[PDB]
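Report on the structure given below.
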Amino acid sequence: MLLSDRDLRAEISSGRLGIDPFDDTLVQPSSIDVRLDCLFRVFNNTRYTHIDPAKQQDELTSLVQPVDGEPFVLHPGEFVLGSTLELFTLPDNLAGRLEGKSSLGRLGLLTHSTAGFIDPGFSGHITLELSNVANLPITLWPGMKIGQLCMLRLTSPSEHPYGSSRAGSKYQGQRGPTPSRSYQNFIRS
Amino acid sequence: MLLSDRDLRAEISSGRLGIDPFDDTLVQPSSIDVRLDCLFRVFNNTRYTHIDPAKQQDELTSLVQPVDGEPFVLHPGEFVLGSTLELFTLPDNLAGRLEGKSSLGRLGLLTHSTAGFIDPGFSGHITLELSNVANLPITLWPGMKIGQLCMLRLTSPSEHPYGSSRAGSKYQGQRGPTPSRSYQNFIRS
Amino acid sequence: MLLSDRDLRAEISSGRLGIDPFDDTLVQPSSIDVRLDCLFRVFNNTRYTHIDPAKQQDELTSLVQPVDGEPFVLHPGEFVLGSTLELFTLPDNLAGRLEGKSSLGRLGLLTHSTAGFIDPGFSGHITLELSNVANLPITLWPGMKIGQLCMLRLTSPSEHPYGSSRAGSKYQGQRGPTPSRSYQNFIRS
Ligand SMILES: Cc1cn([C@H]2C[C@H](O)[C@@H](COP(=O)(O)OP(=O)(O)OP(=O)(O)O)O2)c(=O)[nH]c1=O
Ligand SMILES: Cc1cn([C@H]2C[C@H](O)[C@@H](COP(=O)(O)OP(=O)(O)OP(=O)(O)O)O2)c(=O)[nH]c1=O
Ligand SMILES: Cc1cn([C@H]2C[C@H](O)[C@@H](COP(=O)(O)OP(=O)(O)OP(=O)(O)O)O2)c(=O)[nH]c1=O
Ligand SMILES: [Mg+2]
Ligand SMILES: [Mg+2]
Ligand SMILES: [Mg+2]
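Protein chains in written order, with the UniProt record's numbering: chain A, 1 to 189; chain B, 1 to 189; chain C, 1 to 189.
Structure representation (structure tokens):
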């Protein structure tokens with residue numbers, strides 16, 4: 001059960017769903033278009049021998065912000081982390097999906113959102129996994145529409161929503177593209 | 001709320017959901033398998049210095065149609081745009097997802113559908129974002145099953161469905177893999 | 001309509017949804033975290049000239065199992081098939097999605113799940129399509145959390161669920177990352 005434009009608007013006007021800033025001209029038949037922030041993480045480390053999800057490696061990426069008025073250039077075959085300009089606050093009874101946009105995929109710009117869902121209870125900017133699969137670099141402009149948020153009704157309110165100690169959540173409140181915290185509570189056999 | 005095979009069939013027999021041509025043998029437990037068209041766009045431009053989503057660049061891709069009876073060869077590490085053989089027409093109260101198929105991913109053929117959803121009100125062929133992540137070229141045969149359409153019920157009918165001036169839709173009615181129109185209404189900060 | 005943690009737990013305690021082994025500490029606001037098996041398929045064939053989805057090519061991949069206590073190393077720009085440690089059994093009235101996890105995408109580990117949905121009626125381990133889009137190899141540990149299962153309610157029970165002869169299903173009961181069976185019932189124009 002995916003929220004139509006009208007119901008998305010109702011969740012926003014009722015204050016159940018926070019989107020800051022909210023621009024109503026971005027609402028779409030079945031989603032709301034979202035915008036790109038000015039914060040990027042590039043994989044440009046030159047000391048580590050490998051990535052180990054069980055280990056903390058905060059230096060794996062560098063935080064990069066382009067000069068005001070300039071794009072970040074995503075190179076062919078490159079993957080970076082970006083972030084939404086908007087801060088989202090979800091209630092305990094909706095879950096979102098942060099998808100890409102067809103216009104952007106037609107240019108070879110892919111938003112992966114590998115994890116699929118934004119969890120009930122989540123509040124923060126959303127970290128975007130961005131790939132360029134074209135043969136040419138792509139100028140990414142801070143502020144451009146980069147994807148769309150779709151909301152699904154939960155069957156019932158989540159018992160221990162994102163942010164709760166019991167969920168063990170890692171990214172509640174994030175203001176940028178937080179480096180991975182997979183090493184926390186990491187398990188292996 | 002995802003439509004079962006029976007309910008998909010009901011939406012089709014009632015005329016609420018158009019799929020042209022419709023082959024009932026393609027309906028699946030929870031989706032309908034879809035087929036590949038004979039139209040492909042390759043990234044083979046040799047004049048542009050880069051991609052700028054704010055700019056119109058219709059020559060970024062070339063339209064390629066294989067000789068009747070022959071496959072299009074998707075090379076390792078290559079991304080192209082393809083298209084569904086079927087033309088889909090959605091009502092204002094369903095949204096679809098055009099996913100890949102597990103058999104094809106097991107060979108390294110990935111349908112990205114980065115944008116996720118086919119919008120309430122959308123009518124046209126669906127443009128497929130296709131990658132080969134194997135070590136070998138893959139022969140793509142026009143007419144083969146290439147993915148599957150899953151339908152979700154909307155919470156309520158969409159107020160301004162895809163195709164409406166208010167939605168500002170770019171691809172209503174597309175018969176092939178339309179080049180990107182991201183430059184239209186493009187915004188940036 | 002996506003199942004909350006509580007409703008996921010109800011489907012499990014009622015015996016409608018099988019997850020073997022089930023670890024309740026893995027349930028999340030809107031999904032259940034899943035774990036990686038010790039079975040991997042690498043694309044390391046050196047005889048075939050190309051991939052043809054219409055043809056049987058069982059030797060396209062090699063099955064690889066790391067030494068107990070050691071990781072499988074996924075190299076930059078590499079795609080392999082992995083598998084869930086858990087065996088899932090779905091009823092005829094739910095469909096699942098096997099997504100990645102944000103912690104893992106922040107390291108450049110992408111679970112594609114190109115096909116999106118686990119079908120009503122499906123029973124088996126789930127085959128994971130894994131890419132490394134970082135600049136560094138990633139040690140994948142058997143037993144680590146690798147993704148999350150989200151469940152959606154179907155509109156109604158599926159008439160011919162996965163596994164039925166009428167659905168023509170290829171992978172019912174799979175215990176590992178089964179090589180592709182796209183050649184079965186393969187169609188082309
Ligand atoms: C997901 C997807 C959608 N589509 C179609 C169906 C969607 O309803 C339509 C628009 O998808 P959108 O993701 O909304 O594309 P867009 O926002 O960049 O462009 P627009 O202004 O037109 O909204 O494109 C494809 O052709 N291929 C795809 O992979
Ligand atoms: C999405 C996905 C599904 N599966 C399982 C669960 C699905 O119900 C089952 C079939 O997925 P499908 O995408 O329907 O695969 P298929 O159409 O190519 O093959 P089939 O004829 O059997 O339908 O495979 C995986 O193992 N890995 C995955 O990533
Ligand atoms: C899908 C996605 C989620 N998120 C946010 C919203 C999710 O509710 C939150 C967690 O996503 P998860 O996929 O649940 O991440 P995780 O399991 O690795 O970490 P955690 O222990 O915190 O659950 O991250 C992004 O920032 N970017 C994304 O692409
Ligand atoms: Mg749109
Ligand atoms: Mg199938
Ligand atoms: Mg999580």
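For each residue, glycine too, the CB sits at the ideal point set by N, CA and C.
{"Query": "What residues of chain A sit near residue 25/B, judged by a beta carbon separation below 8 Å?", "Result": "Those do not exist, as residue 25/B stays about 28 Å from chain A at its closest Cβ, beyond 8 Å."}
{"Query": "Would you call residue 148/C buried or exposed, if buried means 16 or more other Cβ atoms sit within 10 Å of its Cβ?", "Result": "buried"}
{"Query": "Could you tell me the distance, in whole angstroms, from the CA atom of residue 64/B to the CA atom of residue 153/C?", "Result": "41 Å"}
{"Query": "Of all the residues that make up the stretch 1 to 30 of chain A, which are near chain B by a beta-carbon distance shorter than 7 Å?", "Result": "1, 2, 3, 4, 5, 6, 7, 28, 29 and 30"}
{"Query": "Is there at least one non-hydrogen atom of ligand 1 closer than 7 Å to the beta-carbon of residue 83/C?", "Result": "no"}
{"Query": "What does DSSP give as the partner residue(s) for residue 145/C in the beta ladder?", "Result": "35/C"}
{"Query": "Taking all protein chains shown into account, do 16 or more other C-beta atoms lie within 10 angstroms of the C-beta of residue 48/B, making it buried, or fewer, making it exposed?", "Result": "exposed"}
{"Query": "Is the Cβ-Cβ distance between residue 81/C and residue 106/B less than 8 Å?", "Result": "yes"}
{"Query": "Between 3/A, 40/A, 54/A and 1/A, which lies nearest to residue 189/A when the distance is taken from Cα to Cα?", "Result": "54/A"}
{"Query": "Leaving aside the five residues before and after residue 150/C along the sequence, list all residues of the same chain whose C-beta is less than 7 Å from its C-beta, in chain order.", "Result": "2, 30, 31, 96, 97 and 99"}
{"Query": "Helix, strand or coil for residue 58/A, going by three-state DSSP, please let me know.", "Result": "helix"}
{"Query": "Rounded to the nearest angstrom, how far is the Cβ of residue 78/B from that of residue 132/B, given a contact under 8 Å?", "Result": "5 Å"}
{"Query": "Checking 8 Å against the spacing of the C-beta atoms, do residue 124/C and residue 173/C come in under that value?", "Result": "yes"}
{"Query": "Using a Cβ-Cβ cutoff of 7 Å, what residues of the stretch 111 to 122 of chain A are near chain C? List them in chain order.", "Result": "112, 114, 115, 116, 117, 119, 120 and 121"}
{"Query": "Roughly how many angstroms lie between the CA atoms of residue 52/B and residue 182/B, to the nearest whole one?", "Result": "9 Å"}
{"Query": "Opposite residue 28/A in the DSSP bridges: which residues?", "Result": "31/A"}
{"Query": "Verify the contact flag: residue 127/C, CB atom, against every heavy atom of ligand 2, threshold strictly below 7 Å.", "Result": "yes"}
{"Query": "If contacts are defined as beta-carbon pairs under 8 Å, then residue 72/A and residue 140/A qualify, I think. What distance do you get, rounded to the angstrom?", "Result": "5 Å"}
{"Query": "Using a beta-carbon distance below 8 Å, is residue 142/C in contact with chain A?", "Result": "yes"}
{"Query": "So, is residue 28/C buried or exposed, given that buried needs 16 or more other C-beta atoms within 10 angstroms?", "Result": "buried"}
{"Query": "Would you list, in chain order, the members of the stretch 122 to 139 of chain C that have their beta-carbon closer than 7 Å to a beta-carbon of chain B?", "Result": "127, 129 and 131"}
{"Query": "Can a CB atom of chain C be found closer than 8 Å to the CB of residue 99/B?", "Result": "yes"}
{"Query": "Between which residues of its own chain and residue 163/B is the CB-CB distance below 6 Å, once the five residues before and five after are set aside?", "Result": "121, 169 and 172"}
{"Query": "Can you give the Cα-Cα distance for residue 187/C and residue 145/B, rounded to whole angstroms?", "Result": "7 Å"}
{"Query": "Quick one: using the 10 Å Cβ neighbour count with 16 as the cut-off for buried, is residue 180/B buried or exposed?", "Result": "buried"}
{"Query": "Using a threshold of 8 Å, state whether the C-beta atoms of residue 88/B and residue 138/B are closer than that.", "Result": "no"}
{"Query": "Taking 8 Å as the threshold (beta carbon to beta carbon), is residue 188/B in contact with chain A?", "Result": "yes"}
{"Query": "Taking only beta-carbon atoms, is residue 163/B less than 8 Å away from chain C?", "Result": "no"}
{"Query": "May I ask you to report which of helix, strand or coil DSSP gives residue 12/B?", "Result": "helix"}
{"Query": "Say the cut is 7 Å; is the CB of residue 184/A nearer than that to a heavy atom of ligand 6?", "Result": "no"}
{"Query": "Any beta carbon of chain B sitting closer than 8 Å to that of residue 32/C?", "Result": "no"}
{"Query": "Count the other CB atoms within 10 Å of the CB of residue 34/C; is the residue buried (16 or more) or exposed (fewer)?", "Result": "buried"}
{"Query": "Does DSSP classify residue 41/A as helix, strand or coil?", "Result": "strand"}
{"Query": "Under 7 Å from any heavy atom of ligand 1, does the C-beta of residue 79/B make it?", "Result": "no"}
{"Query": "How about residue 149/A: is its C-beta nearer than 8 Å to some C-beta of chain B?", "Result": "no"}
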